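**Q** Before I ask anything, here's the sequence and the deposited coordinates:
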Amino acid sequence: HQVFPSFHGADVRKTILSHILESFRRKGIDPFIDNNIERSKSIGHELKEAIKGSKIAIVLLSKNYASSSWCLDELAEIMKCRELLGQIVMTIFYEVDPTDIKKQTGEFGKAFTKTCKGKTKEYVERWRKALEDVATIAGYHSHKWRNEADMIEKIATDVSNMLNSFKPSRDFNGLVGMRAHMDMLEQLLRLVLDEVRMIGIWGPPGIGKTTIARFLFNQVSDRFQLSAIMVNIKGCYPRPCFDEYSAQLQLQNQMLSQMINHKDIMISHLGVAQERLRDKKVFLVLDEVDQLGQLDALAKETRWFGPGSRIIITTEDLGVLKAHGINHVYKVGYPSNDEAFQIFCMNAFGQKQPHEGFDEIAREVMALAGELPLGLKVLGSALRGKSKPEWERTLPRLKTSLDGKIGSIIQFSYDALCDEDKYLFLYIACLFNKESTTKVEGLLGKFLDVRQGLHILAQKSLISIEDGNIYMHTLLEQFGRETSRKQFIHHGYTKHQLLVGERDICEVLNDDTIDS
Amino acid sequence: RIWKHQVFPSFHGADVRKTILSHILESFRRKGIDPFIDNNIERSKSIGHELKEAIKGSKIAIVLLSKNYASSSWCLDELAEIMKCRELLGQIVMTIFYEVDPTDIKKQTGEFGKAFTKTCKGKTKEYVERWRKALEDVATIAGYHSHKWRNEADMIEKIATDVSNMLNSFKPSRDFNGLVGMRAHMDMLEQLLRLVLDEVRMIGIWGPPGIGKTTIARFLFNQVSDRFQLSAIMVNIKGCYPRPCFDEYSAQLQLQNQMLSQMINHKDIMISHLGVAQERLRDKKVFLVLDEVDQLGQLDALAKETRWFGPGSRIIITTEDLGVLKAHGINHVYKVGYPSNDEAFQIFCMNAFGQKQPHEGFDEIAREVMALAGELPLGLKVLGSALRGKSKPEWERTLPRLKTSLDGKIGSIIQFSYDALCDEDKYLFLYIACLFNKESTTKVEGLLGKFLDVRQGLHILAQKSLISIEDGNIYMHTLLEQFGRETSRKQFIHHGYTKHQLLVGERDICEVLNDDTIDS
Amino acid sequence: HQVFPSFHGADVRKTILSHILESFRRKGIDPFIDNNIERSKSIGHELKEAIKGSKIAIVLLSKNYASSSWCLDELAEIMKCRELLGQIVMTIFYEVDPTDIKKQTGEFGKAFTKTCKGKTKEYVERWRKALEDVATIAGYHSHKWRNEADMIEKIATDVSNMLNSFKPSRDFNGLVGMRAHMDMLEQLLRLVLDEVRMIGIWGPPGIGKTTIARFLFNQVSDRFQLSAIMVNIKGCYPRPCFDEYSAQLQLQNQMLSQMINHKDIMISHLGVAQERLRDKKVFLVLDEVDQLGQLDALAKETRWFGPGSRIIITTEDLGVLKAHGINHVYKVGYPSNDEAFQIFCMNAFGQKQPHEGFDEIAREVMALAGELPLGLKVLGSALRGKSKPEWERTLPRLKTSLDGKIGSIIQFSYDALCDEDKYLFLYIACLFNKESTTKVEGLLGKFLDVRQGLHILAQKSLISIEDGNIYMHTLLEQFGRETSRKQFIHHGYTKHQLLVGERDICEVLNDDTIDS
């Protein structure tokens, strides 16, 4: 069920229960509807089991709720299921004071005394224990509320809100390999050291930093007193921030309103966050941080968050993390080949890791995707619902041009570079993909300042140097070779363009309109 | 006549202001009715005169009659005023007898009579007479008896429906009255919906831009949504969605948040995971319309499986790209077709002259402008509105302006559809618009084969409803070809490392060769 | 004063009046503070005159308000000033039922009876008439309010809101010549014909359409049951409106929320406006309408607004008005030379129409401004606070280049034209400013389609034809001659540029890099 409503027929069926059920119906809540199985008999099964299998229980208490052993038995069963099963019980006191229920006095007490005659001691004890337990739990009081329509709307909204958040997240079960990530993180977080440790997650664009951060939040946040997740801080921060202090103040306002649950917050100085969070454990996730000013706005000192706090900054360039003094940094790594194939098969064959007989083309497209979860997702989605001949016909375009879903993000990460860094990126893409860095310096050194360029590129994770050899991801080298057809390289100010396109150099070499 | 309030409710607040009047007022507010509420009387203003003026300026008076109605003096004074205004100003009076019968009202016996006697002790002699005569006048009206209904929600719904009918009796036309030839559309959709099959069919609606997929969706919703437990329509999903989409999950969460905030009447939902629509809509007959999806992230956020929804549900996705529908496994697809020539003229004339037929002497030039508009309802509407007030000479000397410049309201929409293509698809579109419009598919593949992958490009363009292949030859709508020939003057065609352009014109673009300034 | 508070010292001075005064103080409201002139004597003058000269009166009624002839005399004087002078009296019932005050029963009645012993009949009659008048006027009840802090905040907000709108507008007294405009309008409005007449105001950009509409609204709106003014509809309407129906629906939502005072309105169909406004007189001002769709969204038929309604559309092009069938159209005219000088002297010499000894330069700059109120305002503001030598030094730049404040608006009105209309505008600016239209057709007719071009230009009010001669305002011809240095004229596709700049043709003619 959705909701099991417990009430007294003679009191509320005509007047208020009808309105409550109408509000539930228009809010998409379907409560259990007893057919008057036994108007005055015992509850029996299929009325005990209905209580058992109800996500929410609603007790609607009125003056004669105690003048029917039926309702008293239902209440005792409801509270038993609240204790053992962990059911959610919401009380509505309709023209009855909770105090009159707890102590069973007044007209409610008179009715309860009249009912409990002839009944055995244990039954009466169960009934009154249930009653006094019910009267204490926080519900809705009819006398306090201005008018019934507002109270009913509030009750319906609250029930809807709990039904929305009743079950845990399961959309993250479609992810592959999160155990390696969580195991590498918990080595850094060290959740038992009650410091204010700050952790940095860094990696190439579209590798899984945001998904890792979300998964970590969903796992851990419940351990922390007050937690919030800031998503895409880079996007929501204006680039031409002519008055940076105003942007900083509103960014901290956003963080604070999201965290301490006061949506109506407007702050004056930048030290409000320290004032609020100094005495409470905080789990804060700052996602896609691009520059120091906004780190200062959100988390500038470990003194601000107080004991046991964990601040996790997911970023794309290492220089930001080093500047702010993080030191505990996680370098996200590409998934293994089998997990890459599982991701591709999620995104191409409908959440089915086994191949549907398209195993041959599936591996070629995977190898085309490098190892990025972004590339794998884009390539898989671009091919779902196809048939095998459609796969072969799509393959050449998918191979001679990367999808715009990847190109847009790589471009956004490529628009934050100095011009010499762009030129070094293009050179590494077209000519020096896997070459000793010393030879690259010996070849481009007269004009490119390669030693700073490689440093910046590696810090932004557009390159990685292993065993003294540079390496660029294939799905970035393709972007580079594409860009090398519409963009130039200026050394002093002369414009040079790299010529690497297969079957694209033939027609350019067979030309008279050239520049040599 | 002129009124200031639709409904004026007269009641005794000590009996009904908390319990039933609140529900009546919320129901009225939900049914688009604005009643007079005494709590909003502006402060520092005398209450009596404002109540009098509100009674006089109200179209409908509603009299809740409780057993303590006669105990107050405000109640009797405003009842007398209501009766006088009904007799003298033609206002409609409705009665509700809440837990008291008209027998006591009209004779002041026992219940409701003792209150009148205690309230009438210290008064004048004629006030008592006015109050009494008002009581008999109101008690002879036939209204609603509380004790004749098993529950009060149904009675309040009945009262609100009656009041809404009484207020909304004018109804000269609805927003869907200027539509032309949409019985044809609704017949073809009914074959696809099959509303008595208790499956969870998802139905696609695909057509070129400006073919009215949105109007068909709106009409179908306002016709069919009544019979489903829960229903929602989401309009222009393509426009609200982020274009680069740096974070897919947040966008999907927000889009499903909108869908649930409108489907469920929970106006401020904060979804935490994409699985809420699974858990809230799994046992309910649900009607859902997704007006313009562009890509498959929207579908995965809003309607991923038919298991998310309950038996009998219908989900209707309008789109321009057939690949999106095929990827999601729709298989029930309605390809919207251009209206007939007669209906197209009807739409053009409705937008130009305000009537289905042209004004005298306009027929020839009207049909010429029509032929210029192709067949798209969007083009017909735009060209018709562009000539709504003009006269014959303006038509005759604005037609050459129509031919040589695509209107902004059509060009912008076609531009939005064109900017979503790849680079090679854009180049193929420009080639087809400028050069190879009606030519063979085979010849186009033979000529443009070396520059780009022609066959897959044509397949994708047909998927996107930008071209159409009928008998081995490709086709473009006149408006699309016009847009392509215009954008040919600013767009560069990059084949390899080189760059090229297309020269299309009658005689005008031959002077560009005489520029002697730009590379050829 | 701001507010005169009437209260009883022994009841409310310690507890609630202190909080009320604190809220007033933090809201910037300064109430009269009696110094206990005569604690138990007569009120006398300087307590009667304080009541007389108070914009707002606040009566704070408590159980013992009637046990002091001081407070009763203050109340009688307050209500007398409410009747004659028209004072605003707000009542606060602090732990007293209004019914107990109207009928003077209960403990309030006991106190009032005890006070009224020994007093003469006329005094008692004045006191009780005042009391029963007070008890009826709509105030604030302590028993109904959830907590006192919220009630006090509401009272302070209401008093502040009335003090904000106590006086009528006077910022429109700085305008010159509005009587001619109002007299030309009232001939069109014909406010006694109880039709749904729709009026159009059209003119060149920056001539005063918006100011005329605002002045007319402020004068008339109070005659109308429900009125609203929509400002800059052109600006708030998206140009690339890919889904026009959504924009139309939100535009009607904006109008309706502004008009019927329901800020929380979300509408479904486009016929809501008819449903709401069919039975009430409405004064609606739609300002800066650019196209038919948004007229259809806001006001499509006269059936929608009901009897005695007046809809006023201020626009810049006549074709929109003719398309929608307005027929009653006002062509705003340039002000006379003396009013032009008064406007310039407002904007240059600080609201002082007499010249401050700069009469000579003031007339030259005026003549430079043509006659536009926009040009006059911009030129006057550009020269205020200067000295006469500063005027002579600024004058040449002010003469060889129009200010950007005018150029931006003229450009925005010039970006809505077809290319041939732009070319005809440029030709009229540089060569054919005051020429017979027949000769213009004979000269440009082979390529410009002049007869449609002049029609469109005149409809957009970028030109006017009088006695068969075209005429363009000087402050538009200057924009044209400026534009003729950075923009070309394409006839087939060859680019021609008009050469009219004084002392700017000498250096271009002394050149070898030309095109002939």
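**A** Nice, I can see it. Residues are numbered from 1 along each chain as shown, chains lettered A, B, ... in the order given.
**Q** contacts and neighbour counts: CA atoms only from here.
**A** OK.
**Q** Helix, strand, or coil at the residue in the stretch 201-350 of chain A that chain C sits nearest to?
**A** Proximity of the stretch 201-350 of chain A to chain C (Cα to the nearest Cα) peaks at residue A:264, 16.9 Å away. Secondary structure for residue A:264, judged by DSSP: H, G, I helix; E, B strand; the rest coil, is coil.
**Q** on contacts alone, who are the packing partners of the longest strand seen in chain A?
**A** Ranked by residue count and defined by DSSP state E, the top strand of chain A is strand A:282-289. Contacts defined by 3 or more Cα pairs under 8 Å, 6 or more residues apart in numbering or on different chains; DSSP states H and E place strand A:282-289 against helix A:209-220, strand A:226-230, helix A:233-236, strand A:310-315.
**Q** what's the most buried one of those?
**A** The highest mean neighbour count among those, using mean count of other Cα atoms under 10 Å in any protein chain shown, belongs to strand A:310-315: a mean of 24.
**Q** Just the buried positions in the helix or strand immediately after it in the chain, please.
**A** As assigned by DSSP states H and E, the chain's next helix or strand after strand A:310-315 is helix A:318-324. Residues of helix A:318-324 classed as buried by neighbour count (16 or more other Cα atoms under 10 Å in any protein chain shown): A:318, A:319, A:320, A:321, A:324.
**Q** Could I get the residues you listed in CSV, plus columns for distance to chain C?
**A** As requested, the buried residues of helix A:318-324 are exported to CSV (distance: Cα to the nearest Cα, whole Å):
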residue, distance to chain C
A:318, 41
A:319, 41
A:320, 39
A:321, 42
A:324, 42
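**Q** ok, which stretches of the stretch 401-516 of chain A are strands?
**A** Assigned by DSSP state E, counting those that start in this stretch, the strands in the stretch 401-516 of chain A fall at A:464-466, A:469-471, A:489-490, A:495-496.
**Q** closest one to residue A:229 among the ones you listed?
**A** strand A:464-466 (29.5 Å; Cα to Cα).
**Q** The closest one pairs with which strands, parallel or anti?
**A** strand A:469-471 (antiparallel) (DSSP bridges).
**Q** who's in contact with the partner strand?
**A** A:432, A:433, A:434, A:435, A:436, A:437, A:463, A:464, A:465 (Cα atoms under 8 Å, 6 or more residues apart in numbering or on different chains).
**Q** Now find how far off-centre the longest strand of chain A is within its chain.
**A** Distance of strand A:282-289 from its chain centroid, counting by Cα atoms, centre = their mean, to the nearest Å, is 12 Å.
**Q** Dump the next helix or strand after it to PDB, restricted to CA.
**A** Next along the chain after strand A:282-289, taking DSSP H and E as the criterion, comes helix A:292-298. Output in PDB follows, covering the C-alpha atoms of helix A:292-298 (Å, rounded to 0.1, in the frame of the first residue of the first chain):
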ATOM      1  CA  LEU A 292      41.100  30.100  -5.900                       C
ATOM      2  CA  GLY A 293      38.600  32.900  -5.200                       C
ATOM      3  CA  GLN A 294      35.600  30.600  -5.100                       C
ATOM      4  CA  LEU A 295      37.500  28.100  -2.800                       C
ATOM      5  CA  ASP A 296      38.100  31.100  -0.500                       C
ATOM      6  CA  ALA A 297      34.400  32.000  -0.700                       C
ATOM      7  CA  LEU A 298      33.300  28.400   0.200                       C
END
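**Q** picking that back up, would you enumerate the residues in contact with the residue of the stretch 201-350 of chain A closest to chain C?
**A** By Cα under 8 Å, 6+ apart, the contact list for residue A:264 reads residue A:257.
**Q** what about 10 Å?
**A** Applying Cα atoms under 10 Å, 6 or more residues apart in numbering or on different chains, we find residue A:264 in contact with A:253, A:257.
**Q** Ok, the one 10 residues further on next?
**A** In this structure, residue A:274 makes contact with A:299, A:300, A:301, A:302, A:303, A:304, A:305, A:306, judged by Cα under 10 Å, 6+ apart.
**Q** Pick out the most distant pair among the residues you listed.
**A** Taking every pair in the contacts of residue A:274 and measuring Cα to Cα, the maximum separation is 12.8 Å, between A:300 and A:306.
**Q** Settle it for me: which of these two has more neighbours?
**A** It is residue A:306, of residue A:300 and residue A:306, that has more neighbours when counted by other Cα atoms under 10 Å in any protein chain shown, with 19 against 16.
**Q** Against chain B, how distant is the more buried one?
**A** Using Cα to the nearest Cα, to the nearest Å, residue A:306 is found at 27 Å from chain B.
**Q** Name the helix or strand for that residue, please.
**A** Taking DSSP H and E as the definition, one finds residue A:306 inside no helix or strand.
**Q** residue contacts, the closest residue to it other than its chain neighbours?
**A** Excluding its sequence neighbours, the residue lying closest to residue A:306 (Cα to Cα, 6 or more residues apart in numbering or on different chains) is residue A:278, at 4.6 Å. Counting by Cα under 10 Å, 6+ apart, residue A:278 makes contact with A:302, A:303, A:304, A:305, A:306, A:307, A:309.
**Q** same thing but at 7 Å, please
**A** Going by Cα atoms under 7 Å, 6 or more residues apart in numbering or on different chains, residue A:278 touches A:304, A:305, A:306.
**Q** Spell out which parts of the stretch 301-450 of chain A neighbour chain B.
**A** A:384, A:385, A:408, A:409 (Cα under 7 Å from any Cα of the partner chain).
**Q** Spatially nearest residue to the third one, not counting backbone neighbours?
**A** Nearest residue to residue A:408 in three dimensions, chain neighbours excluded: residue B:244, at 6.3 Å (Cα to Cα, 6+ apart).
**Q** So what's the residue count around the residue of the stretch 351-500 of chain A found nearest chain B?
**A** Closest residue of the stretch 351-500 of chain A to chain B, Cα to the nearest Cα: residue A:385 (4.3 Å). By the criterion of other Cα under 10 Å, residue A:385 has 19 neighbours.
**Q** same thing with residue A:159?
**A** Applying other Cα under 10 Å, we find 20 residues neighbouring residue A:159.
**Q** related to what we said a few turns ago, are any of the residues of the stretch 301-450 of chain A next to chain B buried, and which?
**A** Among those, those buried by neighbour count (16+ other Cα under 10 Å) are A:384, A:385, A:409.
**Q** what residues are up against the first one?
**A** Residues in contact with residue A:384 (Cα under 7 Å, 6+ apart) are A:348, A:349, B:327.
**Q** Wasn't it part of a helix?
**A** No. Counting by three-state DSSP, residue A:384 falls outside a helix, being coil.
**Q** Identify the residues contacting the strand or helix carrying residue A:161?
**A** Element membership for residue A:161 (DSSP H and E) is helix A:148-164. Contact with helix A:148-164 is made by A:20, A:23, A:24, A:145, B:18, B:19, B:22, B:23, B:26, B:266, B:276, as judged by Cα under 7 Å, 6+ apart.
**Q** What residues sit buried inside that helix?
**A** Residues A:148-149, A:151-153, A:155-157, A:159-161, A:163-164 are the ones in helix A:148-164 that count as buried (16+ other Cα under 10 Å).
**Q** now stretch A:240-247
**A** So for stretch A:240-247, counting by 16+ other Cα under 10 Å, buried means residue A:247.
**Q** what's the span of that stretch from first residue to last?
**A** With Cα to Cα, to the nearest Å applied, stretch A:240-247 spans 10 Å between its terminal residues.
**Q** Repeat that for stretch A:60-77.
**A** From its first residue to its last, stretch A:60-77 covers 15 Å (Cα to Cα).
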